[PDB]
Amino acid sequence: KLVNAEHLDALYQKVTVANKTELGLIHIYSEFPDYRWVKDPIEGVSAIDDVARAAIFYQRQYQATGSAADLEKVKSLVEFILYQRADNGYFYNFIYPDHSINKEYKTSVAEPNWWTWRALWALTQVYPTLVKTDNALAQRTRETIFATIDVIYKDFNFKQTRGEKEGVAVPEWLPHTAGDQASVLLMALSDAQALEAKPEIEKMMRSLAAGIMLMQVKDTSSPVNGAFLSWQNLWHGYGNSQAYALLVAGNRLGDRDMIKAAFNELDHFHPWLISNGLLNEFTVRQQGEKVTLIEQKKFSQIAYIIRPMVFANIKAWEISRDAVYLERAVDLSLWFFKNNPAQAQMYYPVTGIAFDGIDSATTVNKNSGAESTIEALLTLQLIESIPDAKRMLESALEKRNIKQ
């Protein structure tokens, strides 16, 4: 009842190219008040960054409901992902309005980047669904998963050298030295390891987790004790799925250290964030063992901050059976329902609209692009799948002045 795919469905478009190749697109932007399709004028109409996450949403919907229409969307979004595979084994990101591929723009080249990791994660997430339903598409997907992993393995830097920024160690072997990108590649590799275990996949998993863990703040005197930094000495909330990824990988490998590191973020940094109304980003300085805040930015706040935290807390509950994590997951979900600095409703169950962000205490961006819609839907979809969390969120919503 909370989850309403009507706006995401309106961003979806099936296009035919070449010889009966049917591609599922998700239009990237959509603007208040008419909420039609809006493009990026330079980059194109739809990106793997969004299509990949949409594929996961619709696959999870199909798993919950068995709806033939959800499955059809999974298949066509997967076709777009496969359509974007480059000869070198990486992926292009954008498609243009004329349905040619954006191969050369910096946000779209087939080089290791965010959209590679998201594409791979989407393919590993939807493969078990495809193998039960569509033999030919499943075979192509499996071939692509492990061919892409081959390429990533061939290019992988296992030499664990460290830089430094404001006293903080930098793992030079992570992609773009980015803990957030590393977490999604780690999630994808963990899924693939369950499909076909390979020593080189475990080796990459452990190397990524080592880099992610080196970037964690471990200073019990620091306000942001437990935080997984995103890049150098910087944390940003968006896409920061390190804790969730370490829980997934730690479970896959039986690695207690990974699990312990993830809980350290959940048990210290998450309650701090929640108590302070969330943040967009911050930077730190490290002097010896002491980690201190340099600067922080409360805005902008976007749906993509909430989803990684809700994913991690639900997973923590599943592992530990501690209800505090469900309570926190629900309290974080309330960001969509006016628990935020603008006291603004950010997701509308009646229409499926998800606002694009909070820019200050008094300014809300009422556009509803693909990313914010998918991230709100994935968050609420997870809550509604856990009966105790669903019951808790419904109880919180009956008491407040939201539109539903």
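Don't overthink the numbering: it's just position in the shown sequence, from 1.
Trainee: Using only the Cα atoms and their B-factors as the entry lists them, report which of 340 to 348 and 371 to 379 averages higher.
Mentor: Higher mean C-alpha B-factor: 340 to 348.
Trainee: So, looking at the entry's B-factor column for Cα atoms, which has the higher mean, 18 to 26 or 392 to 400?
Mentor: Between 392 to 400 and 18 to 26, it is 392 to 400 that shows the higher mean C-alpha B-factor.
Trainee: Take the CA temperature factors straight from the PDB entry and tell me which of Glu72, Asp267, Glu79, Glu327 peaks.
Mentor: By C-alpha B-factor in the record, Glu72 ranks first.
Trainee: If you check the C-alpha B-factor for each of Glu318, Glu281, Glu143, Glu202 in the entry, which is highest?
Mentor: It is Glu143.
Trainee: Check where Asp180 lands among this chain's C-alpha B-factors and tell me if it's the lowest, middle or highest third.
Mentor: According to the entry, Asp180 has a C-alpha B-factor in the chain's lowest third.
Trainee: What third of its chain's C-alpha B-factors does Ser222 belong to: lowest, middle or highest?
Mentor: Its C-alpha B-factor belongs to the highest third of this chain's values.
Trainee: Where does the C-alpha B-factor of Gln160 rank in its chain, lowest, middle or highest third?
Mentor: For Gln160, whose C-alpha B-factor we compare with every modelled residue in the chain, the answer is the highest third.
Trainee: Which third, lowest, middle or highest, does the C-alpha temperature factor of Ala10 belong to within its own chain?
Mentor: For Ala10, the deposited C-alpha B-factor lands in the middle third.
Trainee: Per the entry's values, where does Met215 land by CA temperature factor relative to the rest of its chain, in the lowest, middle or highest third?
Mentor: Answer is middle: the recorded C-alpha B-factor places it there.
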